[PDB]
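Engineer: This structure is in structure tokens; I'll ask about it shortly.
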Amino acid sequence: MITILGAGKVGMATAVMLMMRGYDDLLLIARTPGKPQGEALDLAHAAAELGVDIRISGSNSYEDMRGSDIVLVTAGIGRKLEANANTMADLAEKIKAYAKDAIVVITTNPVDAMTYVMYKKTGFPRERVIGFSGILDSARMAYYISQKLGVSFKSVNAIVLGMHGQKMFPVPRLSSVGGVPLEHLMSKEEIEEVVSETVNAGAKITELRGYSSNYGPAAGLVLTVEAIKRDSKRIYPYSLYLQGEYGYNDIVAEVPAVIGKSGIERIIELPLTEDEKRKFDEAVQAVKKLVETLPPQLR
Amino acid sequence: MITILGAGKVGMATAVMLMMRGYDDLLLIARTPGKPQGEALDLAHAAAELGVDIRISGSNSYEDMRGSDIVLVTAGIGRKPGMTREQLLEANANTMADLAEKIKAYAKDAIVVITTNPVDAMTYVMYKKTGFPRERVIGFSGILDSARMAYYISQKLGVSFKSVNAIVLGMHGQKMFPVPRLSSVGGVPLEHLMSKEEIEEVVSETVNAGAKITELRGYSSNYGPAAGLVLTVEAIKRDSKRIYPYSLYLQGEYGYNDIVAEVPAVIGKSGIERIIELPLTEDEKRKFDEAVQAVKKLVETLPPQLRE
Amino acid sequence: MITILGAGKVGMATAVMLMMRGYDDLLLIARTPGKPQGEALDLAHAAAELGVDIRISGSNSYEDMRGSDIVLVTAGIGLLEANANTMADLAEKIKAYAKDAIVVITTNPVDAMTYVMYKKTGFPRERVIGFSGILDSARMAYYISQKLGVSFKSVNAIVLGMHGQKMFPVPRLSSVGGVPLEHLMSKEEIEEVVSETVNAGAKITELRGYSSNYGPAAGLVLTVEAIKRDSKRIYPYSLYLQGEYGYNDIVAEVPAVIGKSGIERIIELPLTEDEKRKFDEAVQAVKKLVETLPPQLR
Amino acid sequence: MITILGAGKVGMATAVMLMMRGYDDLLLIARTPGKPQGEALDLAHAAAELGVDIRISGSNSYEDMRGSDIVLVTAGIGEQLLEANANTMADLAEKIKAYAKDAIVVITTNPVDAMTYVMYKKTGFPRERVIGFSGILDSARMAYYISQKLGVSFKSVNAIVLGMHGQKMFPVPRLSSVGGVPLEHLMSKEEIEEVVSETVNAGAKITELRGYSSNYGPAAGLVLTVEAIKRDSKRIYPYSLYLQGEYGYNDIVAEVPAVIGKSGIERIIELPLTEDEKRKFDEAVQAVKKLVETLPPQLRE
């Protein structure tokens with residue numbers, strides 16, 4: 001079974017989407033008394049109409065996550081923040097006691113920072129501590145390009161690196177549409193426009209609807225689950241703890257990686273030019289900051 | 001395309017599930033500026049990760065719903081903890097009326113499905129205000145009652161709810177009643193597998209199901225309705241001629257008329273084709289008659305303005 | 001992983017359907033050299049076009065099925081003494097490399113085949129499932145709906161007995177939208193649908209030249225999905241009876257709860273005598289099929 | 001409604017996969033009496049077990065294809081091939097032209113580059129609506145062999161191809177990637193030359209082992225084609241299309257990337273080819289040029 005820690009917006013979006021697919025039984029766990037139990041019941045009535053025979057339940061007891069293959073961490077607090085470090089630190093001791101051999105993917109922001117804290121507090125191998133960054137930035141870039149060029153996003157190959165935030169930088173030179181290089185379809189202006197929209201997409205929604213993304217991370221978690229369950233050997237960009245890769249270590253960054261039934265198998269090093277290594281270094285430093293703002297205890 | 005009027009909690013759950021199935025393009029409309037666009041946007045990014053090629057939009061302009069085959073109404077308000085039954089009815093009735101005028105002007109040929117509660121009363125107001133025929137004004141009630149009934153029977157017998165066939169009728173509320181005589185599990189009549197006290201236990205869980213989750217997570221059901229709309233949409237797009245229980249405006253069926261009730265009906269590409277009349281006993285006929293009185297009582301409790 | 005023993009026309013129709021839903025890695029095993037390999041290969045290219053990262057192989061080596069939790073026997077040739085020998089053969093390979101798995105036979109006559117496979121494998125009664133019921137019900141539901149102009153989804157058809165000539169439906173327990181099937185139909189009409197159902201498989205043979213293959217296949221998808229999800233679902237299957245319905249040591253088509261570990265329990269439907277009589281004939285039809293097999297095969 | 005023309009091996013595989021997806025109603029049309037009916041009956045029974053509500057029919061009367069928005073042609077046999085098939089296409093083309101006047105036709109019959117040519121000529125439909133299936137299967141196979149040599153999902157492989165559906169089929173390394181990493185960087189020239197053999201030899205390999213040419217590759221390809229159209233996705237897939245200027249060629253059919261929508265092909269994409277790439281493309285066009293001329297004028301035009 002797949003456990004979900006959160007029972008909030010992004011947690012329920014994930015639950016809804018995972019019930020639709022029916023990959024496994026799912027468990028909802030949240031601190032607020034009766035909250036997860038109540039949502040599991042409504043979610044169970046939905047599965048009953050859709051005919052999805054998976055078991056769906058909720059609990060306030062963290063020890064119920066005992067025996068989980070994947071533990072999706074979405075329990076952070078949204079936009080309207082690094083107070084999410086404490087909840088990561090508090091959740092870090094629970095899965096360390098009841099899910100020591102599970103893969104954990106963090107949907108809390110700042111994810112690169114949060115992934116750093118979860119990794120250190122769980123004492124889990126880097127391959128089983130996954131931060132959800134790339135898949136979303138990539139799709140968003142696909143979406144803006146497509147809207148502008150008038151083509152499906154299924155035909156856009158968008159490469160991105162850095163971290164999940166202000167300093168996230170897409171790599172056009174390696175992106176294309178239906179085979180055609182991106183830089184050959186759009187002028188430098190048009191490319192810098194799609195990159196603003198992509199970088200500022202998350203803030204924009206918040207600005208519009210009133211609260212930060214939840215369907216995006218949710219739909220990205222579905223892919224991640226499906227990728228682990230099939231032992232697929234897929235390459236997706238995630239926020240992972242670096243140990244030499246891209247020249248850095250003792251830090252977290254958004255990079256391409258092959259995920260499997262046992263987690264991250266290896267980090268891929270894209271061939272970058274001086275500029276792109278400049279821009280990747282800016283990102284590493286950006287994450288540098290957020291971690292330094294954290295109190296030593298959480299480090 | 002499929003238009004969702006709401007941009008709320010049930011409306012957004014419906015949009016999420018509809019995006020999954022990719023049955024068609026879907027357009028979100030709500031009064032609050034930026035709300036529907038903000039959401040449709042998050043959702044579009046989600047379809048981009050899943051590879052679901054459809055269009056998703058959000059608008060504040062009700063004129064953008066023209067050309068819609070199906071209009072899903074979820075705009076109401078939901079019951080809130082420590083809340084007044086009538087303090088919902090009149091509120092949502094006003095919403096329906098207001099929305100009816102929009103549907104009436106921009107989507108004349110569309111099929112409308114309401115989720116707003118009290119569904120029966122809401123379906124009534126919407127039917128009268130739009131000028132649309134019965135066959136195209138659908139209130140969602142029975143599918144969810146049937147699934148919840150099936151779910152509870154399931155938990156109790158240790159079998160898949162997929163193997164349970166539960167028949168329900170009446171209206172969507174206190175007077176909703178099941179027909180155990182016509183129900184079964186894997187081919188076994190329900191009255192054989194369960195005692196009469198056990199059956200009324202599951203009927204309680206079902207009739208009170210909505211209130212239990214509102215008290216637990218703090219707000220009324222939304223996934224159930226949503227999943228219910230997914231089926232309805234698939235049934236129309238496929239012109240399947242499935243039989244599902246819906247709250248419909250009666251014109252003779254079951255010997256009633258000029259009222260709304262939860263009855264079984266054939267659903268197709270152009271709406272309702274015909275209402276099925278289940279063979280009923282003296283007892284069961286009494287229970288249906290009582291269900292009709294509950295809706296009559298709800299309708300009368302509205303202002304002549306909203307009911308005519 | 002799901003192992004398919006056959007590479008024939010149902011087995012190939014099953015692999016395609018099973019590949020589309022992505023449930024698990026599938027494995028094709030067949031005696032003919034090259035055939036399974038070359039089909040897995042085509043099937044894998046189709047999988048790449050659709051985006052299903054499952055793993056698809058082909059093989060002539062039966063030891064490759066070690067570690068399969070489910071074996072789908074689609075080997076038979078669609079006769080009796082032949083498919084009996086094939087069952088006899090394959091039974092030794094399953095017994096040696098897949099003692100832990102749930103085998104589901106599709107080979108016809110399913111009832112008789114399910115008996116040979118049970119006796120020869122030595123497996124427990126709950127893990128030797130014969131495919132038959134799901135299919136009868138779907139056909140009956142199909143014929144009823146073509147006549148009433150409603151979706152077959154909305155039809156609840158109950159069938160019992162055996163997968164053949166004495167397969168009988170129980171209208172008394174069947175329904176459409178909650179309405180008993182007898183308030184909708186007449187004798188005469190309910191007898192046409194039954195006649196249709198009972199002859200459906202032979203009609204498709206006359207019309208296209210080979211015996212049904214998509215029906216069994218689609219039914220295997222459901223069975224696999226039922227097992228993987230441990231759904232506790234109730235489907236009619238050809239199982240070895242140990243007392244249920246007042247018979248023991250014979251295979252018949254009856255309702256059963258299916259889960260992650262095979263058949264959990266057979267459901268005994270409250271039947272009327274005429275129904276009991278119908279059921280008895282069915283049993284007796286299978287005892288005839290079984291007593292034709294040479295002692296060695298049974 | 002979707003109409004399939006054929007009821008064979010690739011016909012039926014398509015029908016099974018389209019049924020699983022449940023995109024729309026199906027119609028099977030084949031010359032042999034009873035074949036499509038019985039096949040549609042077995043398929044319909046399967047649809048009932050899965051609960052897929054669509055309608056599925058069989059028929060020997062081409063009049064029945066009236067109203068389809070998609071017509072799939074799989075009727076081919078698998079120079080003693082070319083002439084037989086071509087005749088087939090011309091016979092089927094007069095039917096489609098009269099009974100599916102508003103239709104998008106997709107050809108799975110081989111050779112396609114030659115068969116699309118005929119169908120185009122004999123139907124008299126605009127270029128938008130006469131699509132030949134070929135690239136989607138070439139790329140997916142090239143993707144497949146790459147994954148198999150790298151040990152990564154083919155979903156993470158972006159293989160580009162051009163030319164035609166046969167020996168002259170040809171991929172483009174410097175535009176193809178894997179996880180965002182350039183194909184040229186991960187594999188040597190030797191290496192890329194090894195996936196290409198495996199590619200161009202696949203069809204022949206599967207016939208040898210399995211005794212009969214590919215069926216699924218095409219069927220699954222037709223599903224993507226059907227989905228792309230039904231959703232008006234504006235997707236980019238390599239198809240065999242009748243050229244009228246693009247790429248500097250005309251009055252010939254070649255495998256090229258195009259945007260496919262609800263009304264057919266919107267536009268053809270013109271890749272930035274080098275001089276060697278261009279030469280290879282010319283060899284492909286030239287292969288088709290002679291493939292068509294091997295046809296009786298009656299059939300070609």
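Following the order of the structure tokens, first chain is A, next is B, and so on, with residues numbered from 1 inside each chain and ligands from 1 in the order they appear.
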Check which residues of chain C sit at most 7 Å from chain D using only C-alpha atoms, and return one row each with the closest pair of atoms and their distance in Å to one decimal, ordered by chain and rising number, as JSON lines.
Structural biologist:
```
{"residue": "C:34", "atom": "CA", "partner": "D:209", "partner_atom": "CA", "distance": 4.5}
{"residue": "C:35", "atom": "CA", "partner": "D:210", "partner_atom": "CA", "distance": 4.5}
{"residue": "C:37", "atom": "CA", "partner": "D:209", "partner_atom": "CA", "distance": 6.8}
{"residue": "C:38", "atom": "CA", "partner": "D:210", "partner_atom": "CA", "distance": 4.7}
{"residue": "C:39", "atom": "CA", "partner": "D:210", "partner_atom": "CA", "distance": 6.2}
{"residue": "C:41", "atom": "CA", "partner": "D:206", "partner_atom": "CA", "distance": 6.9}
{"residue": "C:42", "atom": "CA", "partner": "D:217", "partner_atom": "CA", "distance": 6.1}
{"residue": "C:43", "atom": "CA", "partner": "D:216", "partner_atom": "CA", "distance": 6.1}
{"residue": "C:45", "atom": "CA", "partner": "D:141", "partner_atom": "CA", "distance": 5.6}
{"residue": "C:46", "atom": "CA", "partner": "D:217", "partner_atom": "CA", "distance": 4.5}
{"residue": "C:48", "atom": "CA", "partner": "D:140", "partner_atom": "CA", "distance": 5.5}
{"residue": "C:49", "atom": "CA", "partner": "D:140", "partner_atom": "CA", "distance": 5.4}
{"residue": "C:50", "atom": "CA", "partner": "D:220", "partner_atom": "CA", "distance": 6.7}
{"residue": "C:51", "atom": "CA", "partner": "D:155", "partner_atom": "CA", "distance": 5.9}
{"residue": "C:53", "atom": "CA", "partner": "D:153", "partner_atom": "CA", "distance": 6.3}
{"residue": "C:135", "atom": "CA", "partner": "D:49", "partner_atom": "CA", "distance": 6.9}
{"residue": "C:138", "atom": "CA", "partner": "D:49", "partner_atom": "CA", "distance": 5.2}
{"residue": "C:139", "atom": "CA", "partner": "D:45", "partner_atom": "CA", "distance": 5.5}
{"residue": "C:142", "atom": "CA", "partner": "D:48", "partner_atom": "CA", "distance": 6.4}
{"residue": "C:151", "atom": "CA", "partner": "D:53", "partner_atom": "CA", "distance": 6.7}
{"residue": "C:152", "atom": "CA", "partner": "D:48", "partner_atom": "CA", "distance": 6.5}
{"residue": "C:153", "atom": "CA", "partner": "D:51", "partner_atom": "CA", "distance": 6.0}
{"residue": "C:204", "atom": "CA", "partner": "D:38", "partner_atom": "CA", "distance": 4.7}
{"residue": "C:207", "atom": "CA", "partner": "D:34", "partner_atom": "CA", "distance": 4.5}
{"residue": "C:208", "atom": "CA", "partner": "D:35", "partner_atom": "CA", "distance": 4.2}
{"residue": "C:212", "atom": "CA", "partner": "D:42", "partner_atom": "CA", "distance": 6.0}
{"residue": "C:214", "atom": "CA", "partner": "D:43", "partner_atom": "CA", "distance": 5.7}
{"residue": "C:215", "atom": "CA", "partner": "D:46", "partner_atom": "CA", "distance": 4.4}
{"residue": "C:218", "atom": "CA", "partner": "D:46", "partner_atom": "CA", "distance": 5.3}
{"residue": "C:219", "atom": "CA", "partner": "D:49", "partner_atom": "CA", "distance": 6.3}
```
Engineer: Those residues with N, CA, C and O atoms, as a compact mmCIF listing (two decimals), in the first residue's frame please?
Structural biologist:
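Listed below is the output, result.txt:
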```
# COMPACT_ATOMS: atom_id res chain seq x y z
N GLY C 34 10.46 -20.18 -31.78
CA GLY C 34 10.38 -18.93 -32.52
C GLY C 34 9.10 -18.13 -32.40
O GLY C 34 9.12 -16.90 -32.27
N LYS C 35 7.97 -18.83 -32.43
CA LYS C 35 6.66 -18.19 -32.36
C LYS C 35 6.50 -17.25 -31.16
O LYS C 35 6.23 -16.05 -31.32
N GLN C 37 8.69 -15.88 -29.23
CA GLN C 37 9.68 -14.83 -29.29
C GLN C 37 9.24 -13.74 -30.27
O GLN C 37 9.15 -12.56 -29.92
N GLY C 38 8.93 -14.16 -31.49
CA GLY C 38 8.48 -13.22 -32.51
C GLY C 38 7.21 -12.49 -32.12
O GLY C 38 7.01 -11.35 -32.52
N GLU C 39 6.27 -12.89 -31.42
CA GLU C 39 5.06 -12.20 -30.97
C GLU C 39 5.25 -11.29 -29.77
O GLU C 39 4.54 -10.30 -29.59
N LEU C 41 7.97 -9.85 -29.36
CA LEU C 41 8.67 -8.76 -30.01
C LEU C 41 7.74 -7.75 -30.66
O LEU C 41 7.92 -6.54 -30.52
N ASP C 42 6.73 -8.23 -31.39
CA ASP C 42 5.79 -7.32 -32.03
C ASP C 42 5.01 -6.63 -30.91
O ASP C 42 4.86 -5.41 -30.89
N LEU C 43 4.55 -7.42 -29.94
CA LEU C 43 3.80 -6.89 -28.82
C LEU C 43 4.55 -5.81 -28.01
O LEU C 43 3.95 -4.88 -27.48
N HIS C 45 6.81 -3.69 -29.30
CA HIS C 45 6.87 -2.47 -30.12
C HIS C 45 5.56 -1.70 -29.95
O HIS C 45 5.55 -0.47 -29.88
N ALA C 46 4.47 -2.44 -29.89
CA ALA C 46 3.16 -1.84 -29.71
C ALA C 46 3.15 -1.20 -28.32
O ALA C 46 2.56 -0.13 -28.13
N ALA C 48 5.65 0.15 -26.78
CA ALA C 48 6.46 1.37 -26.81
C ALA C 48 5.68 2.53 -27.45
O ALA C 48 5.85 3.69 -27.06
N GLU C 49 4.82 2.21 -28.41
CA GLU C 49 4.00 3.22 -29.09
C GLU C 49 2.93 3.77 -28.16
O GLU C 49 2.51 4.92 -28.31
N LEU C 50 2.49 2.95 -27.21
CA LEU C 50 1.46 3.34 -26.27
C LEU C 50 2.04 3.90 -24.98
O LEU C 50 1.35 4.57 -24.22
N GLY C 51 3.30 3.60 -24.71
CA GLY C 51 3.91 4.13 -23.50
C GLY C 51 3.80 3.28 -22.25
O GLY C 51 3.98 3.81 -21.15
N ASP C 53 5.53 0.84 -20.03
CA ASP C 53 6.86 0.30 -19.68
C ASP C 53 6.83 -1.11 -19.12
O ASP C 53 7.79 -1.49 -18.45
N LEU C 135 -17.97 -15.44 -18.81
CA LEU C 135 -18.23 -15.34 -20.25
C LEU C 135 -19.70 -15.61 -20.57
O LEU C 135 -20.31 -14.92 -21.39
N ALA C 138 -21.77 -12.59 -19.48
CA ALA C 138 -21.59 -11.45 -20.37
C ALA C 138 -22.40 -11.65 -21.64
O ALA C 138 -23.03 -10.71 -22.13
N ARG C 139 -22.39 -12.86 -22.19
CA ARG C 139 -23.15 -13.14 -23.40
C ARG C 139 -24.64 -13.00 -23.10
O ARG C 139 -25.35 -12.26 -23.79
N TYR C 142 -25.44 -9.63 -22.81
CA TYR C 142 -25.36 -9.03 -24.11
C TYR C 142 -26.65 -9.28 -24.89
O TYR C 142 -27.24 -8.33 -25.42
N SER C 151 -28.25 -0.78 -21.98
CA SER C 151 -26.85 -1.22 -21.86
C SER C 151 -26.76 -2.52 -21.09
O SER C 151 -27.51 -2.74 -20.13
N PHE C 152 -25.83 -3.39 -21.50
CA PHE C 152 -25.66 -4.66 -20.81
C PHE C 152 -25.08 -4.45 -19.42
O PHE C 152 -25.10 -5.35 -18.58
N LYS C 153 -24.58 -3.24 -19.18
CA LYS C 153 -24.03 -2.88 -17.89
C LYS C 153 -25.17 -2.92 -16.86
O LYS C 153 -24.97 -3.27 -15.70
N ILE C 204 -20.22 -18.25 -33.62
CA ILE C 204 -19.06 -17.49 -34.03
C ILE C 204 -18.06 -18.35 -34.81
O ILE C 204 -17.30 -17.85 -35.65
N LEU C 207 -19.57 -18.67 -38.44
CA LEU C 207 -19.41 -17.38 -39.11
C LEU C 207 -17.99 -16.94 -39.51
O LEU C 207 -17.83 -16.35 -40.58
N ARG C 208 -16.98 -17.21 -38.68
CA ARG C 208 -15.61 -16.79 -39.00
C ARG C 208 -14.59 -17.93 -39.09
O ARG C 208 -13.43 -17.71 -39.46
N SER C 212 -14.32 -18.94 -30.52
CA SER C 212 -14.18 -17.74 -29.71
C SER C 212 -12.79 -17.52 -29.09
O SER C 212 -12.19 -18.45 -28.56
N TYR C 214 -11.69 -13.70 -28.18
CA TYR C 214 -11.69 -12.42 -27.46
C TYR C 214 -12.47 -12.51 -26.13
O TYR C 214 -12.07 -11.92 -25.12
N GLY C 215 -13.58 -13.25 -26.14
CA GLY C 215 -14.38 -13.42 -24.94
C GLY C 215 -13.56 -14.02 -23.81
O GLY C 215 -13.47 -13.42 -22.72
N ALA C 218 -10.84 -11.47 -22.66
CA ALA C 218 -11.38 -10.36 -21.86
C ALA C 218 -11.73 -10.83 -20.46
O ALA C 218 -11.58 -10.09 -19.48
N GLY C 219 -12.21 -12.07 -20.36
CA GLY C 219 -12.57 -12.63 -19.07
C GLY C 219 -11.34 -12.89 -18.23
O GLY C 219 -11.41 -12.86 -17.00
```
Engineer: Quick one: contact table of chain D to chain B, 9 Å max, nearest atom pair and distance in Å to one decimal per residue, counting only C-alpha atoms, chain and number order, as a Markdown table?
Structural biologist:
```
| residue | atom | partner | partner_atom | distance |
| --- | --- | --- | --- | --- |
| D:22 | CA | B:238 | CA | 8.8 |
| D:23 | CA | B:23 | CA | 8.6 |
| D:24 | CA | B:238 | CA | 7.4 |
| D:25 | CA | B:238 | CA | 8.4 |
| D:53 | CA | B:240 | CA | 5.8 |
| D:54 | CA | B:238 | CA | 6.5 |
| D:55 | CA | B:240 | CA | 8.6 |
| D:228 | CA | B:53 | CA | 8.1 |
| D:231 | CA | B:54 | CA | 6.3 |
| D:232 | CA | B:54 | CA | 8.1 |
| D:233 | CA | B:53 | CA | 5.6 |
| D:234 | CA | B:53 | CA | 8.7 |
| D:235 | CA | B:53 | CA | 8.6 |
```
Engineer: If you take only C-alpha atoms and a cut-off of 12 Å, which residues of chain A touch chain D, and what are their nearest atom pairs and distances in Å to one decimal, in chain and number order, as JSON lines?
Structural biologist:
```
{"residue": "A:50", "atom": "CA", "partner": "D:51", "partner_atom": "CA", "distance": 11.9}
{"residue": "A:51", "atom": "CA", "partner": "D:51", "partner_atom": "CA", "distance": 10.9}
{"residue": "A:135", "atom": "CA", "partner": "D:179", "partner_atom": "CA", "distance": 11.8}
{"residue": "A:138", "atom": "CA", "partner": "D:180", "partner_atom": "CA", "distance": 11.1}
{"residue": "A:146", "atom": "CA", "partner": "D:234", "partner_atom": "CA", "distance": 9.4}
{"residue": "A:147", "atom": "CA", "partner": "D:234", "partner_atom": "CA", "distance": 10.8}
{"residue": "A:149", "atom": "CA", "partner": "D:234", "partner_atom": "CA", "distance": 10.2}
{"residue": "A:150", "atom": "CA", "partner": "D:234", "partner_atom": "CA", "distance": 7.2}
{"residue": "A:151", "atom": "CA", "partner": "D:234", "partner_atom": "CA", "distance": 4.9}
{"residue": "A:152", "atom": "CA", "partner": "D:235", "partner_atom": "CA", "distance": 4.9}
{"residue": "A:153", "atom": "CA", "partner": "D:235", "partner_atom": "CA", "distance": 7.8}
{"residue": "A:154", "atom": "CA", "partner": "D:235", "partner_atom": "CA", "distance": 6.9}
{"residue": "A:155", "atom": "CA", "partner": "D:236", "partner_atom": "CA", "distance": 6.0}
{"residue": "A:156", "atom": "CA", "partner": "D:236", "partner_atom": "CA", "distance": 9.2}
{"residue": "A:157", "atom": "CA", "partner": "D:180", "partner_atom": "CA", "distance": 7.7}
{"residue": "A:158", "atom": "CA", "partner": "D:180", "partner_atom": "CA", "distance": 7.9}
{"residue": "A:159", "atom": "CA", "partner": "D:180", "partner_atom": "CA", "distance": 6.0}
{"residue": "A:160", "atom": "CA", "partner": "D:180", "partner_atom": "CA", "distance": 9.0}
{"residue": "A:161", "atom": "CA", "partner": "D:180", "partner_atom": "CA", "distance": 10.8}
{"residue": "A:170", "atom": "CA", "partner": "D:180", "partner_atom": "CA", "distance": 11.4}
{"residue": "A:171", "atom": "CA", "partner": "D:180", "partner_atom": "CA", "distance": 9.4}
{"residue": "A:172", "atom": "CA", "partner": "D:180", "partner_atom": "CA", "distance": 10.5}
{"residue": "A:173", "atom": "CA", "partner": "D:180", "partner_atom": "CA", "distance": 10.0}
{"residue": "A:174", "atom": "CA", "partner": "D:180", "partner_atom": "CA", "distance": 6.3}
{"residue": "A:175", "atom": "CA", "partner": "D:180", "partner_atom": "CA", "distance": 7.5}
{"residue": "A:176", "atom": "CA", "partner": "D:175", "partner_atom": "CA", "distance": 8.3}
{"residue": "A:177", "atom": "CA", "partner": "D:236", "partner_atom": "CA", "distance": 8.1}
{"residue": "A:178", "atom": "CA", "partner": "D:236", "partner_atom": "CA", "distance": 5.4}
{"residue": "A:179", "atom": "CA", "partner": "D:175", "partner_atom": "CA", "distance": 6.0}
{"residue": "A:180", "atom": "CA", "partner": "D:271", "partner_atom": "CA", "distance": 6.1}
{"residue": "A:181", "atom": "CA", "partner": "D:175", "partner_atom": "CA", "distance": 7.3}
{"residue": "A:182", "atom": "CA", "partner": "D:175", "partner_atom": "CA", "distance": 10.8}
{"residue": "A:183", "atom": "CA", "partner": "D:272", "partner_atom": "CA", "distance": 11.6}
{"residue": "A:184", "atom": "CA", "partner": "D:272", "partner_atom": "CA", "distance": 8.5}
{"residue": "A:185", "atom": "CA", "partner": "D:272", "partner_atom": "CA", "distance": 10.7}
{"residue": "A:223", "atom": "CA", "partner": "D:155", "partner_atom": "CA", "distance": 11.9}
{"residue": "A:227", "atom": "CA", "partner": "D:153", "partner_atom": "CA", "distance": 9.5}
{"residue": "A:228", "atom": "CA", "partner": "D:153", "partner_atom": "CA", "distance": 11.9}
{"residue": "A:230", "atom": "CA", "partner": "D:153", "partner_atom": "CA", "distance": 10.2}
{"residue": "A:231", "atom": "CA", "partner": "D:153", "partner_atom": "CA", "distance": 9.3}
{"residue": "A:232", "atom": "CA", "partner": "D:153", "partner_atom": "CA", "distance": 5.7}
{"residue": "A:233", "atom": "CA", "partner": "D:152", "partner_atom": "CA", "distance": 4.5}
{"residue": "A:234", "atom": "CA", "partner": "D:153", "partner_atom": "CA", "distance": 4.8}
{"residue": "A:235", "atom": "CA", "partner": "D:179", "partner_atom": "CA", "distance": 5.4}
{"residue": "A:236", "atom": "CA", "partner": "D:179", "partner_atom": "CA", "distance": 7.2}
{"residue": "A:237", "atom": "CA", "partner": "D:179", "partner_atom": "CA", "distance": 8.9}
{"residue": "A:255", "atom": "CA", "partner": "D:179", "partner_atom": "CA", "distance": 10.7}
{"residue": "A:256", "atom": "CA", "partner": "D:179", "partner_atom": "CA", "distance": 7.2}
{"residue": "A:257", "atom": "CA", "partner": "D:179", "partner_atom": "CA", "distance": 8.3}
{"residue": "A:258", "atom": "CA", "partner": "D:152", "partner_atom": "CA", "distance": 7.4}
{"residue": "A:259", "atom": "CA", "partner": "D:152", "partner_atom": "CA", "distance": 9.4}
{"residue": "A:260", "atom": "CA", "partner": "D:152", "partner_atom": "CA", "distance": 9.8}
{"residue": "A:265", "atom": "CA", "partner": "D:152", "partner_atom": "CA", "distance": 10.5}
{"residue": "A:266", "atom": "CA", "partner": "D:152", "partner_atom": "CA", "distance": 11.1}
{"residue": "A:267", "atom": "CA", "partner": "D:179", "partner_atom": "CA", "distance": 11.0}
{"residue": "A:268", "atom": "CA", "partner": "D:179", "partner_atom": "CA", "distance": 8.3}
{"residue": "A:269", "atom": "CA", "partner": "D:181", "partner_atom": "CA", "distance": 8.2}
{"residue": "A:270", "atom": "CA", "partner": "D:181", "partner_atom": "CA", "distance": 5.7}
{"residue": "A:271", "atom": "CA", "partner": "D:181", "partner_atom": "CA", "distance": 7.2}
{"residue": "A:272", "atom": "CA", "partner": "D:181", "partner_atom": "CA", "distance": 10.0}
```
Engineer: Which residue, A:107, A:37, A:86, A:115, has the smallest gap to chain B when you use only C-alpha atoms?
Structural biologist: A:37
Engineer: DSSP on the backbone, strand (DSSP E) only: what residues of range 68-241 of chain A does that give? Format it as a list in words.
Structural biologist: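 Those residues are residues 70, 71, 72, 73, 103, 104, 105, 106, 129, 130, 131, 156, 157, 160, 161, 169, 170, 176, 177, 180, 181, 234, 235, 236, 237, 238, 239, 240 and 241 of chain A.
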Engineer: Return the neighbours of chain A among the residues of chain B, cut-off 8 Å, counting only C-alpha atoms, as an MDAnalysis selection string.
Structural biologist: chainID B and resid 16:17 20 34:39 41:51 53 143:144 147:148 150:151 160:162 212:218 221:228 231
Engineer: Up to 6 Å from chain B, what residues of chain C turn up? Count only C-alpha atoms and give them as a ChimeraX atom specification.
Structural biologist: /C:150-151,154,177,179,231-234
Engineer: Closest to chain A among C:66, C:287, C:228, C:93, using only C-alpha atoms?
Structural biologist: C:228
Engineer: Would you kindly report the residues of chain C within 12 Å of chain A, using only C-alpha atoms, as a VMD selection string?
Structural biologist: chain C and resid 1 21 to 26 51 to 55 222 225 to 233 259
